[PDB]
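Visitor:
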Ligand code: NI
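In the entry's author numbering, the protein residues as written are 700 to 1040.
(1) Kindly provide the chain-ordered list of residues whose Cβ lies closer than 5 Å to any non-hydrogen atom of ligand 1.
(2) On the premise that residue 846 lies in contact with residue 964, defined as a C-beta separation below 8 Å, what is that separation, rounded to the nearest angstrom?
(3) Look at residue 732 and residue 993 and say whether their C-beta atoms are less than 7 Å apart.
(4) Are the CB atoms of residue 899 and residue 1046 within a distance shorter than 7 Å?
(5) Unbroken alpha helix (DSSP H) runs of length 4 or more, entirely within the region 775-837: which are they?
(6) I'd like to check one pair, residue 946 with residue 887: are the Cβ atoms closer than 7 Å?
(7) Could you pull out every unbroken alpha helix (DSSP H) segment of at least 4 residues lying fully inside the region 963-1008, listed in chain order?
(8) Under the assumption that residue 798 contacts residue 789 (Cβ atoms under 8 Å), give the Cβ distance between them as a whole number of angstroms.
(9) Give me the DSSP bridge partner(s) of residue 702.
(10) Give the single residue among 967, 909, 884 and 911 whose Cα lies nearest to the Cα of residue 929.
(11) Just the Cα atoms here: how many angstroms apart are residue 813 and residue 877?
(12) Using DSSP with H/G/I as helix, E/B as strand and the rest coil, what is residue 1036?
(13) For the region 885-964, list the alpha helix (DSSP H) runs that are entirely contained and at least 4 residues long, ordered along the chain.
(14) Identify, in the order they occur along the chain, each residue of the same chain with its Cβ nearer than 7 Å to the Cβ of residue 823, setting aside the five sequence neighbours on each side.
(15) Given this structure, state the Cα-to-Cα distance separating residue 916 from residue 757, to the nearest angstrom.
(16) Flag this pair as touching only if the region 733-740 and the region 832-846 have three or more C-beta atom pairs under 8 Å; answer yes or no.
(17) Would you say residue 844 and residue 997 are within 7 Å of each other, going by their C-beta atoms?
(18) What is the DSSP secondary structure of residue 764, counted as helix, strand or coil?
(19) Quick one: any contact between the region 905-916 and the region 966-975, if contact means 3 or more CB pairs under 8 Å?
(20) Evaluate residue 908 with the Cβ neighbour count: other Cβ atoms within 10 Å of its Cβ, from every protein chain shown; 16 or more gives buried, anything less gives exposed.
(21) Can you check DSSP and say which residues form a bridge with residue 1011?
(22) What does DSSP give as the partner residues of residue 877 in its beta bridges?
(23) Determine which residues share a DSSP beta bridge with residue 712 and list them.
(24) Going by alpha carbons, who is nearest to residue 983 out of 938, 749, 1027 and 989?
(25) Which of the three DSSP states, helix, strand or coil, is assigned to residue 862?
(26) If you follow the alpha helix (DSSP H) that residue 738 is part of, which residue opens it and which one closes it?
(27) Once DSSP output is grouped into helix, strand and coil, what is the label at residue 1041?
(28) Which class does residue 750 belong to by DSSP, given the choice of helix, strand or coil?
(29) Can you name, in chain order, every residue of its own chain whose Cβ lies under 6 Å from the Cβ of residue 986, other than the five neighbours on each side?
(30) Report the rounded CA-to-CA distance for residue 943 versus residue 893, giving the unit in angstroms.
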């Protein structure tokens, strides 16, 4: 059964609710982004209307084989009418094609559902600037002050400088980057750009990337592993055994691997600056964990919410435990008292 925090009151609508069967009274299913915990349940046999971004709709059709007649792509930043209700899709600053959804209820209530997002001050000048929001369905992934991490720009600066130094010292070094979903494409694209290479990857991952409307993509990626010195592998293979095995397959072209694991937050963030990050090394293999986040830090979340001043907040992440729920409710009240709404 579909939980209450995936239902939009006063509508026929659900958000990211595809794993519950036919939801009673749902006339349109929204999908915020193509991440498996959110799309869980979709396939070529789905026969209800799905509303989403153009990019999410390319992935639905090509990767999950959802039939074209049930995919309803909407442009961003544009007022649209869906089953009698005005909606707008906004960029969520998460993975490619990820949106927030503004719903204008027939009774005058305005609801924002963030999906998954990384809050940014640039959002304070979207179509959100122009009216009041009553209810906020909020991505609370890192809703605690211990969650700190650097900007995405600082993390990419580290990665590009680290890769360029290594390969210039040793032209026979291979760079490998881990992946298990869409998102974080800048990590491997920025490294391949500084090295003058395309990124080599499997047919299945190449297919996924070709659905993303990234400019000049045919210029940046390839399935010819032999022509590339930046390789993508599944995240599960980014360990000493997995990388040793990959190095064997390269036919003595390379004698060293430098590998990156883009994670979210890890506890080494509470002690170390990005500048000071060091790898794990074994022999000719080094592995860097880099804190490239596509979710709001605590401070970014707090700033967004204090700017928006919602009347009610409904968390969509960490909702399974009473300790988590109580923690989050405490911070929401602090924020409200400090800002005065
Ligand atoms: Ni996500």
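The C-beta atom is built at its ideal place from N, Cα and C for all residues, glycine as well.
Guide: In short:
(1) Screening all residues for a C-beta within a distance smaller than 5 Å of any heavy atom in ligand 1 leaves 734 and 815, in chain order.
(2) That pair is a contact at about 5 Å.
(3) In this structure, residue 993 does not lie closer than 7 Å to residue 732 by Cβ.
(4) The displayed coordinates of the chain run from 700 to 1040. Any statement about residue 1046 would go beyond what the structure contains.
(5) Counting only runs of 4+ residues, no alpha helix (DSSP H) is found wholly inside the region 775-837.
(6) For the 7 Å CB-CB criterion, residue 887 and residue 946 do not form a contact.
(7) Listed in chain order, the complete alpha helix (DSSP H) runs (minimum 4 residues) inside the region 963-1008 are 997-1007.
(8) Rounded, the Cβ-Cβ distance is 6 Å, consistent with contact.
(9) Beta-bridge pairing links residue 702 to no other residue.
(10) Of 967, 909, 884 and 911, the residue nearest in Cα terms is 884.
(11) Taking the straight line joining both Cα atoms gives about 27 Å.
(12) DSSP places residue 1036 in helix when its eight states are reduced to three.
(13) Secondary structure remark: continuous alpha helix (DSSP H) runs of at least 4 residues inside the region 885-964, in chain order: 902-909 and 939-948.
(14) Result list for residue 823: 1006, in chain order.
(15) Answer to the nearest angstrom: the Cα atoms are 15 Å apart.
(16) Cβ pair count under 8 Å is below three, so no.
(17) Cβ atoms of residue 844 and residue 997: closer than 7 Å.
(18) The answer is coil: DSSP assigns residue 764 none of H, G, I, E or B.
(19) Output reads no: the region 966-975 does not touch the region 905-916.
(20) With 16 or more Cβ atoms within 10 Å of its Cβ, residue 908 is classed as buried.
(21) Answer is 834, bridged to residue 1011.
(22) Answer is 932, bridged to residue 877.
(23) Per DSSP, 707 and 727.
(24) Ranking 938, 749, 1027 and 989 by Cα distance to residue 983 puts 938 first.
(25) Three-state result, residue 862: helix.
(26) For residue 738, the uninterrupted alpha helix (DSSP H) segment begins and ends at 735-738.
(27) Since the first and last residues shown for the chain are 700 and 1040, residue 1041 lies out of range.
(28) In this structure, residue 750 counts as strand in the three-state DSSP scheme.
(29) Closer than 6 Å at the Cβ level, and outside the excluded window around residue 986, lie 958, 978 and 979.
(30) Rounded to the nearest whole angstrom, the CA to CA distance from residue 943 to residue 893 is 25 Å.
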